[PDB]
Ligand SMILES: Nc1ncnc2c1ncn2[C@@H]1O[C@H](COP(=O)(O)OP(=O)(O)O)[C@@H](O)[C@H]1O
Ligand SMILES: Nc1ncnc2c1ncn2[C@@H]1O[C@H](COP(=O)(O)OP(=O)(O)O)[C@@H](O)[C@H]1O
Ligand SMILES: [Mg+2]
Ligand SMILES: [Mg+2]
């Protein structure tokens, strides 16, 4: 009984390792970028050129 | 703040599911052992009745 | 969206909590049952040895 | 170096470096040329907007998916999609990174060979490997057995696996998937007055399907309830106002999965092709497959499907077996998470199709030992 | 040191140290290579599961016994089985332990010589001895006379012995045994609809035979009763559900022992080959053989065989002689218990085939004085 139980335990151990430890390879992607504001400072242009 | 709350709830969920799955595995083991025990009971009874017959004859 | 997700995540977490509790209950019940099974097994074993002795004689 | 785990899919391209938890960039796989004339000069109008850019200018484009049912029907557009994925969404040149594409089971050979030929000649990767989309979804669950139903957006396939030994004679591939459900929803919405025809409005119908539809636990009772009360009618605001009210179209759209006779398909639903796939397996591994039924893919995200499917299989299966349906919350990206795990393994590091090997045997190397 | 009493058998390998009551490790003798492809990487999949490990993964293996009828047909697999038995089930290196194999009567010489050559060259034991499987079963009963019917799983043989002097001209070896009964049961189950074909399902049919079948006291009366009432139909649950009901197949499977015409064999049953084996003996020891008929081997464990056989022999034998059938409850391991007793004797300690003797005369030493 112990042998059969430990067989399944060891079999699932490696699967759990691969599933979980490999998550630590990267988890910062949740972090978003700046997305800064202007605060009425980027108003320094007239209606001179618009195509470029 | 809300994102952090969701993350923490997720951590709790994952750990608790690990707990529950381990308990279920334990239950299956107990089930097989109960099966074996009833099997023992039946074979014991059968052999005992046999020896009773032989004894009387 | 984040707050609704938090509510649902807590929902799932609580569901798994309750299921795990039920499973632990069943685990302990099967545990006491298994002990009873082992004792019945030993009793049958002793009876078997006894009857074998009698038949030999 | 690190490996690129791309996953073409059909409907959403998911990509990212190996070893993370979630794909870095997820964006629809559509390439839409403009269709009107265009009068402003110097506006910088391009000839084809791909990816997520064409989901914002979709009002004047004609979006067309380059992947119909798993197979790829328009190779130039697919090459454009790959080029965008590599250079703009990840910004890593492919000359310095192995790639791990994914492919549905039972697909035409020419598709796979052309895929590897493109990856080796145009993008010039160091080494690429093609993997079946269901084995990865089994990796992500951390199991080693189980029968996985990967109902994507292009094609639904059902690969049973035991102890790591796949059973090639028990793969049941069915071509009903999310796209056919979108078309059927767009077709039954016309019963209330709302007509969506343009290829751009298919996206709106897809959003309706994602946000409102759900799978009924019992179909006839729901049909009777929705026809008497009005507790089901949920409203939704179009991209311009004029809210719409969806009645019993809510659970009739995803019901097509369990009764493919709605869209005229002959075959049996996803509730019965799984049982048939199990019954083709050997008599001694049916209990394990019953207990480890895995769901994956996007289309299996409908609220209430993990209960309907379990009820159906329990009805079909013998009464003694225990039926359990694994439905992880990260279902949509399950295939990609599994792909990352597989690419991060040390034992797998020598299975890549190295470029010198391709130079010696041609594109037909993929069918050989390096599968 | 202690001796290793191994007992190859055919169907169950029984082993253990000399001087105990029961074998330490009992496990089926099957070696099964996997047959499917295998997609999970790094799962640690071996190339051959032997012993009791292949009775748990039998769903994806092709089990094949290495011993057909007493004789050994596949020497590599038998070597693998022995290696497993020594190293994993007993964990004692063979370099420090004598071994006592067992062999059926009237077997080919080459089998025995190859067995001793393997034991002396590969495993490199100090000394090994080969004994006839029936003399041991006579040891275990504590008798010194009697005619023993050792109906194993491979071959049924019937060795008469008097006062310790075996009668070599009266050994009647018949090749019907448990395996043929399993095949015949698997063949008659098809009359109700249940089809078992795979080599893995032979194990399920074997379990059915062990748990349900019994030997009828009178065959025609049972055939008539089972055809009118339904008090015999016992049900059994397969490894996946779908219970089956065995009717008059219960006592028809083991009836083949007493009527080998069922499986097309010409010879007479085990009830008449014992009487023939007795009648070949001398006229003055027939009473003792009549009174001390011994049963052994696994297949003689059917419920109700010790009465059917006694009735049959009493019908055949003269009316004055008393017919008694010794059926100890420890029938299955009788041969191994006898082997332990024989290996534990002091008088026997100089009969082993010492290694230096083998080095001087080659493997043909076994046929010589050291029998
Ligand atoms: N939350 C959701 N609810 C219902 N359906 C969804 C949901 N998310 C995605 N889908 C459906 O699944 C499809 C995306 O499936 P996906 O798994 O990306 O396919 P692929 O296997 O090609 O990557 C979409 O077209 C959509 O119809
Ligand atoms: N309790 C039982 N009832 C009926 N048949 C049995 C029982 N136990 C074993 N057998 C049959 O006997 C065989 C085992 O015989 P065994 O004595 O182990 O052979 P061997 O002489 O090779 O060791 C099995 O194949 C099975 O068919
Ligand atoms: Mg997919
Ligand atoms: Mg034997």
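Chain D is numbered as in Swiss-Prot; shown residues: 7-377, in order.
For this deposited structure, the header notes the method as electron microscopy, 5.2 Å.
Each Cβ is built from the backbone N, Cα and C atoms, and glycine gets one as well.
Feature annotation from Swiss-Prot assigns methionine (R)-sulfoxide to D:46 (among others). Secondary structure from DSSP puts residue D:46 (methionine (R)-sulfoxide) in coil. Within its own chain, residue D:46 (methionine (R)-sulfoxide) has no residue 6 or more apart in sequence whose C-beta sits under 8 angstroms from its own.
For residue D:49 (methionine (R)-sulfoxide), no same-chain residue that is 6 or more apart in sequence has a Cβ closer than 8 Å to its Cβ. The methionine (R)-sulfoxide feature in Swiss-Prot is assigned to D:49 (among others); the stated evidence is experimental evidence.
All protein chains included, residue D:75 (tele-methylhistidine) registers 18 other Cβ atoms within 10 Å of its own Cβ. DSSP gives residue D:75 (tele-methylhistidine) a coil state; it is part of no helix or strand. Taken from Swiss-Prot, the feature tele-methylhistidine covers D:75, and the record attributes it to similarity to another entry.
Residue D:86 (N6-methyllysine) falls within a helix when secondary structure is assigned with DSSP. For D:86, the entry in Swiss-Prot reads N6-methyllysine.
Counting every protein chain shown, 16 other Cβ atoms lie within 10 Å of the Cβ of residue D:86 (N6-methyllysine).
Checking the modified residues D:46, D:49, D:75, D:86 against ligand 2 with a 6 Å cutoff on the Cβ atom leaves no residue at all.
In this structure, none of the modified residues D:46, D:49, D:75, D:86 sits close to ligand 3 with a C-beta under 6 angstroms from any of its atoms.
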